[PDB]
Structure formats: structure tokens, C-alpha cells
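Virtual Cβ from ideal backbone geometry, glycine too; neighbours counted across all protein chains shown. None of the figures in this text is laboratory data; all of them are computed from the coordinates on show.
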2 protein chains.
Amino acid sequence: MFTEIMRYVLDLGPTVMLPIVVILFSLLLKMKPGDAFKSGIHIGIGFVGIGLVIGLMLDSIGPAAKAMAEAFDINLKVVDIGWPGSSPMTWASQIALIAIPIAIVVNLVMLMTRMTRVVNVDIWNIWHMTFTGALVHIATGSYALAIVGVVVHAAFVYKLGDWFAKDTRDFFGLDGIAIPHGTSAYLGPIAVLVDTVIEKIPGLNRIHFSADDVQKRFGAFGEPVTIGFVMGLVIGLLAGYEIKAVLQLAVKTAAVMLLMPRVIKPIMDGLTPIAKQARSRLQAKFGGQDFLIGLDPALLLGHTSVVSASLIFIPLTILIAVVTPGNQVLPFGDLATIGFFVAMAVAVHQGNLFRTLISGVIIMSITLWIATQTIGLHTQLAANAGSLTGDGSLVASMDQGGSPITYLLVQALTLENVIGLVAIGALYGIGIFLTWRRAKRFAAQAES
Amino acid sequence: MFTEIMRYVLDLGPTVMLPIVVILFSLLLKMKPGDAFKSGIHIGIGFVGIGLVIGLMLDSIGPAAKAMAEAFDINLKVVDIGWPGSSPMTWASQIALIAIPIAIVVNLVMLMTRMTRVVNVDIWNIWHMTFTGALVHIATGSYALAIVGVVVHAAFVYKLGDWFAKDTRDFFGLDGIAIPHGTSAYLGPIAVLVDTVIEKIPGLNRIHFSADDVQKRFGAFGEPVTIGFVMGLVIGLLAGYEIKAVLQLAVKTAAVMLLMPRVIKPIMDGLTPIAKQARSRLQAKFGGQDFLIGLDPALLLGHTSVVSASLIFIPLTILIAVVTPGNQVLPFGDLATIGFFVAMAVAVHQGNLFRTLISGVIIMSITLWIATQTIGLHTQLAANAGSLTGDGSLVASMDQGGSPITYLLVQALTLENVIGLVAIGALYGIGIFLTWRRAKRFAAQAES
Ligand SMILES: CCCCCCCC/C=C/CCCCCCCC(=O)OC[C@H](O)CO
Ligand SMILES: CCCCCCCC/C=C\CCCCCCCC(=O)OC[C@H](O)CO
């Protein structure tokens, strides 16, 4: 049955499934069978360690961030269940498994028609696409309309991999990889618009503050490792921790800033020989068609500036929640892994923390406002999974719940908040145009 | 008073309190302030990573071995509760918190009297000493005899660090570091005895099965990361796992071999700048004498040849437990991290798997035999700790329970099985003498 083979492939995990696809690719690409196996284990090993460092972030940064949002007594009554809550509900929609074949077909069609360079292999992040389908399925009522939302969500993020390819390769040091999925990509355009506005404003465009400039004026005390200690200290202190826990947490937050880059190094260390052999062999066929492998947004967290923004924005997002007019959602389950959101924002500004902070507040307010507009739909998906109990408490989430994609699609087929469609649609739509043009120039520069 | 502060120093953690001594010491050495901090934070990030990798061993390789041994639930009816069960029991003894100062004074007395060169800083593996003290206390019934065994265990392990210092540096890369604690060091003298016998036997002294010879024969299939996978497959199958869990475990068992060397490096990199300044200041003052810091035996699992021996010996220790004459103890808790028993054996044989295996079988049979002979005390160690019912189920452990140090101390003061006293003491006694000659020979080879 399709369901068993898909649920066996899904529950096989990136620990097993992705290396096989990596090993199969190199076995046909005339590589020594031993060399083909070596990369497969290293890609899987990195994902094992990736699950470990991410396990540390959500189990020691998370409970402290969750403690801040409660210690700051506000009125926000709806609690951000986070992507750890959104995906279980989403994988409980009827379109959950059927989306994965659909999303590859959209890839395979686009690959033959030279509409995308990304050959996505991460079949586990498709829950973001099912979320767009599930919420459209709730609001419109057409099985087709949910399915088309899967295709639109698939085709968009595929080009989001194309348009952020130099940013992934040159900034994050990921050659041959594109990061299509998750919050980093689909909130990437918003930061491409902020850095487009800022560059054209005099004086503002000359404000800089890169983390290297902290190290150029403080030395050991400006190193990424040191910052992870101090910010962890404050995240504990703002959470009321005793001096024992604040100290213990501050090393764990620092430990992210050293261990996380090291656990992603296995994947790059295994993908490199495969790419060089294939480029030696595919340049002579398709004609200079430099393909991109689609991978989890997790690898992006290997940047000292992304982690710095992540810990920095843990208090900021709670403050963005209060200030943002019309928000009713309290940051929670996505506070620990909140560096996912402002990830490509750092890549666009190329390290300027000044523009990162401006971008982050825009990104958070919008996603906090949008998630407030999707509280009704998000709760039905929770009811449609037996998720929330007899309390009837409202369910909201910042990952996929605060998605411009899932929102803007829903507000198109329903026409509830036309003003909301126009303001969000113009902002996001301009960002997509500016993100698309930024890649046009990049392709004419590298080539000539 | 003392008990509150002792817990506060103890509960603060190896991640928080060790940097404190390290940061204070660099300040004593007039090292830079920011440079003093940086070394301390890296040591914590080293120990954050150690707990994570040692967690994946316990939670994935663990339940794998607990399944294999469950086949023999019917012959061996006493279960090795391992060190994850022996440490909490030992921390509930009356001699627990009083053992920290007693061990430090014994080190201070031995350092001043120029009897040892180990400045132990692991106030956490003092429990191995308390276990020897506590079992003497249950057996003899003398509080004085309990404290003596702690000192004798302290004096032995402090000398163990000096006598196995070349191995911790030439074979493990831990310069200025000694590994006194742990099953590994105190069962190290047995491996020295096996090497002497074999090297005196013709032909058997010329059998080499090293990792480098494994690599040239096989290639990428003899690399450390590949080897952990192949055994990870076997460890899954022997536990009766499905085909997917076999595969998922196998990447994680190979991930151990790659991640663990990279989570101990920050401890090395943080201690290294302090070591050189200490040699600069303290060289002339202390007669040109080189000191060793005493840390955890988990930095020895950063050797890829030890992790291999930790997977190879999961079935063997089990199979040994069936044919060892008089063994009632089923290996269990200590199997997820069985490499902790043969760690210095890997360094004595210079990584020779042929001599590692021949030593490794010897050490397990002795410990399993001794762990059978210490069940009555171990069961009463649990009754006094509150970890017992009315079933009559018996407690045993190869970690500390199978210890020759606890056995020979208990068997010297009680004189129960004088036959067992003579047999274990003679082998251990010849072994310790060989281990002292090793240190005298190496020291005189440094003078030349
Ligand atoms: C730079 C290139 C990209 C630019 C991107 C610009 C985005 C424009 C806005 C989109 C939403 C438009 C909503 C239009 C609504 C039509 C009115 C309608 O249907 O009205 C029904 C309602 O009942 C009446 O009250
Ligand atoms: C290999 C090395 C061999 C030599 C190593 C040296 C061993 C002895 C040294 C110090 C501790 C002496 C014992 C001190 C015990 C004190 C007990 C005590 O104070 O007990 C009073 C109390 O009333 C009871 O309940």
C-alpha cells in the first residue's frame, strides 16, 4: 500500500532514508562503492548530531524562554504551540501523505521544464506544505483547493531555494545546497525588502555592527563563545532562575555556539566529493545546469550570527508580541528555535546586526499578527487531530500559523480581510519580486 | 554547614565548577582575564558535549544490549545494575560527602610528600572510592575500616594516574592530564600482565590487528566511522530489532565514533593555553617537575579504537558471563558503555585488537566472577539506600562491584575466602608491580 511504503519511508528517518538516496546517487555516478558508503554515513551522522544539539536547545533554552513569557504578565491568552505542535497536527490531516508524492511531482515537472535548480530530497519538511493545504481545506472546503495549496506552496519554496542559493553557498558555506523549507526561507523575502529599503536611505545605509566588530574591540570577551554565555545568563535571569541554573544554562547556550557548527560539518564533509564527480559528469550533458540539493533549514543554525540573533530575540519576540497591535498570541514553543525565523535575514544583511534587528521586529510582528488571524483555523486542525482537550482553549502557532504563504492563500480564496490581503500581499509580493531580481544579477555576475 | 556547601559545590556541576577552578587558576598564573575566561567556557562546552554523546550511547546502544542479555534471563538471575545504579546507591552512604575532603587531603598529603603528581579535580568520581569504603563498612562493620578503604582506593588511583600517564598522553592526546578514576584505570594493571605473557610467548608476540592495518586492507570500509556502522547493524540484529531499527541504530553507533572525539577537543583546547603558562612560571620553582590534572575517564572514549572495543565487547561480555565459572551476574547496565572497562588495555597493547581481546576476556571474567562474590553487600547497599523491595531480588554490578580493589580490601579485612584473596591479589599484585616498572622505565627513557 502507498500509505505503508510512505509511512515506512517517513519513519525510516533522515538517519536512514537520506543516506540511501545519497548512496544510490553515487553508485550510479561511477563512484567506488566504498566511497559512496562513506558519505552516506556522514550525512546521517550529521543529522544524528543535528537532532542532538537541537535537542539541547529545546530542553534548556526552551524551558527558560517559556519561563520569560510567563514571568512577563501580559494579556496574551493564546499560547504559541510552536512547530513541535503544528507538525503533529498537520501530519494528522487527510492530505498529509498524499502531499509528499504531489510535492515531488511539482519538483519533477519544474525540473524538466528548467523552472528550478533545486532537487529537493527532504521529504520531512513537506508538513509546511500540508499546513497550507490543511488550513485551505478548512476554510474553503474543496479537497482540490487544499491540494492546489500544496502545489503553490511546493513551487514557491522550490524557487526560494534558487533565489537564496548564493546566500546559502557564500554566507553559510553550503556549496550545492539550497534551503527551501521552513521559516528561514519563506521569511527571507521580507528581509530582502528591508535591506533594499535601507540601502537607498543615506546615513542609515552606513550604519554597521557585525559580530566581528565586537571581537575587534573586546577580544576574548567579544568572541561568539563568550556572547553565548552572557546572553544565556540573561535568559536565565529574566526567567527568575537561581544563580546555579543561570550559570548552568549559560554554558549550554554557549555550547550551542561551538557544537552546532561542528555537527553540520559531517554533511558538508560527505557531500563534497559527490558534487565534484557529478559536476564533472553533468556539465557535459545538461549544459552547465548547476543543480541544488534541498535540505532542512537546520543546517542554517551553524552560523554564529544566527545563534546570536536567536538568543537575542528570545526576549525581543516577547516584547514584539506585546507591542504589535492586534496580536493575541504569546511567544512560546518557537522561542527556543527562534533563530530559524531570522536566519536568511542575517544572510541578506551579510552580518549587519543593525539591519538584522530592524528586520526581526518586522518579521516577528507580521508573523505574530498573522498567527493571530489564523487562530480559528489552527484550532480546527487541533480538533481534527484530537489535540487540545476539553478546555476548548484557542490554539495558535508562529511556525506555519504565522506563515505569509498559508495566510495570503487563505485570504485570497475567502476574501475576509481585503485590507489585510492588500497590505500583506503588497509587502510580501514586493519582497518576492526583489528576491527574484537579486538572483538575476547574481547569475549574470558569476557567469561573466 | 559543610553538607550544604558540599552539595552546592557538587550540584553546581562539572560544567560550572571546573571552569571556576580553571578560571581562578589562570588568574593565579597572572594569565589574561579574557584569556582566563575563554579557557573555562570551552571546558564547560566540552562537558556539555560529553553528556550528549554519552547519552546517545546509553539510550541507543543501551536498550540494544539490554535486549541481547535478556535472552539469558533464565540462567543468570542477578542483573548488573551498572554504574547508572551503583553511583546513586553509593551517594546515599554515610561516608559520601565526608569522602570529598578525605580524598582531597590524601591528594594534598601525597602531593606535598612528593608521592604523586596527580592534582585530581574530579570530585564526582570520588564515588568509586566510597563504594570500596561502603562495602568494607557493610562487611566489616567498622566505620574506621570504611574510611581506610577510601584512602587506600584514593592512594591507589592517585598512583594509577602517574603510572598510566604516558598512555593518556602518547596514546590519547591528553597531555598534562591523568585518568585516575574509572573502571578503566584500576583494571589497567591486568592488561599489563596479559601483554607481558604474550610478548614472552614466541609467535603470539608477532600478531598485529590494528586500526591502521584495518584501513589499508579494506579501505574506506576499514575507517572508524564505517566500522561503527557495521557493528551497529550487528548490535541491532542481535537484539532482535527490526531491519529499520538496526539501520537507525547503526548510524547512531557510528555517529558516536565521529562526534565524541569532537566534543572532548574543547576541553583540550581550553586546558592547553593554561598548561604552557603553568610550565613557564612553575618550572624552576618546583624543581622542573611536570604535574598532571586528573579528569574523567570519558575523555578516553574519544579514541576511535576504544569505541570499537565498546561495541565488540557488548556480545563478548555477555557470552563471557555464560561460561565464567561461578558467575550469577547478568551484564546489563554497564553494556551501553562497556569500553570503560578495557580503555587502558587499548593503550597498553598499542591498539592491538588481538591482545585487546585476550585481555578483554580476562578482565570481564574476573570482574563478573568478583561481582558474583559481592552480591550480598551490593544488595545491602541498596537496602540501606532504599532501592529494595521484599522480593528477595539481589543487586550486583560489574562497575565497582566486580572491582578487585573493593574485593581485595573486603577480603583482606574479613578473610572470608582466603583462596580468593590469594588468587586475585597475586594476579593483581604481579600486575601492579609490572605497572610500576612501566613508569620507572618510561621516566628513565625521558631522561635519556
Ligand atoms: C512589485 C510587484 C508585486 C505587487 C503586489 C501587489 C499586491 C496587491 C494586492 C493584492 C490583494 C488585492 C485584493 C483585491 C480585492 C478586490 C475586491 C473584491 O473582490 O471585493 C470583494 C469584497 O466583498 C469588497 O468589499
Ligand atoms: C596503599 C596505601 C596504604 C596506606 C594508606 C593510609 C590508610 C590509613 C590512613 C588514614 C585514615 C585512618 C582512619 C581514620 C578513621 C577515623 C574513624 C573515626 O573517626 O571514627 C570515630 C567514630 O566514633 C566511629 O563511629
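So here's what we get for this one:
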read-out	value
Unmet requirement for A:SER397, which otherwise passes all of (1) within 16 Å of ligand 1 (Cβ to nearest atom); (2) within 19 Å of A:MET129 (Cβ to Cβ)	(1)
Which listed residue, of B:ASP11, B:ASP73, is free of Cβ contacts under 8 Å to residues at least 24 places away in the same chain and out of contact with any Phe, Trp or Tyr (no Cβ under 9 Å at 6 or more places or on another chain)	B:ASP11
Test result for A:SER359, over 26 Å from A:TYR158 (Cα atoms), touching a residue at least 60 places away in the same chain (Cβ under 8 Å) and away from ligand 2 (no atom under 16 Å from the Cβ)	no
Number of positions in the range B:1-35 that are aliphatic (A, V, I, L, M), part of a loop (DSSP other than H, G, I, E, B) and more than 9 Å from chain A (Cβ to nearest Cβ)	3
Test: residue in the range B:192-205 that is within 14 Å of another protein chain (Cβ to nearest Cβ) and buried (at least 16 other Cβ atoms within 10 Å of the Cβ)	no
Helices (runs of 4 or more DSSP H) enclosed by the range B:148-266 - at least 1 residues per element that are within 16 Å of ligand 2 (Cβ to nearest atom), closer than 30 Å to B:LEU111 by Cβ and not β-branched (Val, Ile, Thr)	B:182-186, B:188-200
Sole residue being in contact with a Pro (Cβ under 9 Å, 6 or more places away or on another chain), of a type outside the set (D, E, K, R), more than 28 Å from A:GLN373 (Cα to Cα) and more than 14 Å from chain B (Cβ to nearest Cβ), chosen from A:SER305, A:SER280	A:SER305
Residues of the range A:214-235 satisfying the condition of being closer than 28 Å to B:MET260 by Cα and either away from chain B (no Cβ under 11 Å) or free of Cβ contacts under 8 Å to residues at least 40 places away in the same chain (or both)	A:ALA220, A:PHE221, A:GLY222, A:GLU223, A:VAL225, A:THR226, A:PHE229, A:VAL230, A:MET231, A:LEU233
Residue check, B:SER39 surrounded by 19 or more Cβ atoms within 10 Å (Cβ to Cβ), in contact (Cβ under 8 Å) with a residue 60 or more places away in the chain, within 19 Å of B:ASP122 (Cβ to Cβ) and more than 14 Å from chain A (Cβ to nearest Cβ)	no
Residues satisfying the stated conditions in the range A:53-65, i.e. within 12 Å of another protein chain (Cβ to nearest Cβ) and surrounded by fewer than 21 Cβ atoms within 10 Å (Cβ to Cβ)	A:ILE54, A:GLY55, A:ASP59
Leading residue by the ranking (surrounded by the most Cβ atoms within 10 Å (Cβ to Cβ)) among those in the range B:389-404 that are part of a loop (DSSP other than H, G, I, E, B) and within 27 Å of the chain's Cα centre (by Cα)	B:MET398
Residue count for the range A:283-321, restricted to those that are in a helix (DSSP H, G or I) and in contact with a strand residue (DSSP E or B) (Cβ under 9 Å, 6 or more places away or on another chain)	3
Test: residue in the range A:242-265 that is crowded, with 17+ Cβ neighbours inside 10 Å and away from every other protein chain (no Cβ under 14 Å)	no
Residue match in the range B:100-114 (condition: in a loop (DSSP other than H, G, I, E, B) and either more than 30 Å from B:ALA439 (Cα to Cα) or not acidic (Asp, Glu) (or both))	yes
Residue satisfying condition, being more than 16 Å from ligand 2 (Cβ to nearest atom), more than 14 Å from chain B (Cβ to nearest Cβ), in contact (Cβ under 8 Å) with a residue 60 or more places away in the chain and of a type in the set (S, T, N, Q), within set A:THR435, A:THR379	A:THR435
Residues of the range A:413-448 that turn out to be within 11 Å of ligand 1 (Cβ to nearest atom) and part of a loop (DSSP other than H, G, I, E, B), as a count	3
